[PDB]
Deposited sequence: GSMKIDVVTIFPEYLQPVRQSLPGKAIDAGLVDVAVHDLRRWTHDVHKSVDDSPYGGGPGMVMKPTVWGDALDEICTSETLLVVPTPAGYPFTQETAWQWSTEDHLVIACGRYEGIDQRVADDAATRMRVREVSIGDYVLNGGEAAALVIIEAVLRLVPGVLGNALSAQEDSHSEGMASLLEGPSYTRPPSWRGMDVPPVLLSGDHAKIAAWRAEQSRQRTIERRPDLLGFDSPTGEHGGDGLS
């Protein structure tokens, strides 16, 4: 019913859409609080360094464990579920979203560059629950867009937070009944509601075969 989400990122402005997506009613009811933190608050040096070269060589850079360690020490508690987006993560699915929707405290650690030194998650996992997850089979530049997806998918399952109320869903239609030469399937206007449900089931079967045969 109530959840705190802390997001840590070197691009705090990226997370502005979700703070805007929150209805005042939910905030006022104390049902939800989303806070965004600039990782550079926890840097050690005048240059506010968050990255360094990879051990073993290779392209790109790795985010520093000492900076992240300090950030997570301050923000996390023993009750925290630490969420770490990564293209190498376990798949984030609707099952995940449902599970996380009843958590009291999510912390989302958004990486950039080539990711975060693995000891950050490994150390954190010795005192809290840690979940390395991926939102899909494509590569992003960092975790912020993944955080937006995760926050939306989770919070829409928490009663009253975002203001909203297997096989693939089939097509939907509304007025007008005819538009640019295309008519709404007459069965939908038939008043035969058992037949409509059967029609929708077959549309779902066809669409699932065409687009996601793996689900069958």
Inset, instruction - Identify which parts of the deposited sequence carry no C-alpha coordinates, going from the N-terminal end onward. - result: 166-178, 230-244
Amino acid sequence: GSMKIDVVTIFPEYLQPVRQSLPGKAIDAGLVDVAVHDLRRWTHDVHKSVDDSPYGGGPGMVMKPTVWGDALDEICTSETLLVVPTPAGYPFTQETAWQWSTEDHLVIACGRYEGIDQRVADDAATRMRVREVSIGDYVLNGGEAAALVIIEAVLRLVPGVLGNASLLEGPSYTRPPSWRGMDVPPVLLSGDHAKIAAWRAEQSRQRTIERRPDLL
From here on, numbers count along this sequence of modelled residues.
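Between two forms, the rigid core is defined as the largest C-alpha subset superposing within 1.5 Å.
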Legend entry - Core-fitted comparison in 9 other deposited structures of this protein, 112-120 vs 99-107, farther C-alphas: 112-120
Inset, instruction - Can you check if, in at least a third of the other PDB entries compared, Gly69 has no modelled coordinates? - result: no
Legend entry - At least a third of the other entries leave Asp28 unmodelled: yes
Inset, instruction - Averaging only over Cα atoms, indicate whether 29-37 or 171-179 has the higher B-factor in the PDB entry. - result: 29-37
Inset, instruction - Give the stretch, out of 38-46 and 56-64, with the larger mean C-alpha temperature factor in the deposited entry. - result: 56-64
Inset, instruction - Ordered by C-alpha B-factor within the chain, which third holds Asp122? Give me lowest, middle or highest, please. - result: middle
Inset, instruction - Compare the C-alpha B factor of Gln16 with those of the other modelled residues in its chain, then answer lowest, middle or highest third. - result: highest
Legend entry - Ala194 CA temperature factor, ranked by third within the chain: lowest
Inset, instruction - Quick one: classify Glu74 as lowest, middle or highest third of the chain based on its Cα B-factor. - result: middle
Inset, instruction - Divide the modelled residues of the chain into thirds by Cα B-factor and specify which third, lowest, middle or highest, holds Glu95. - result: middle
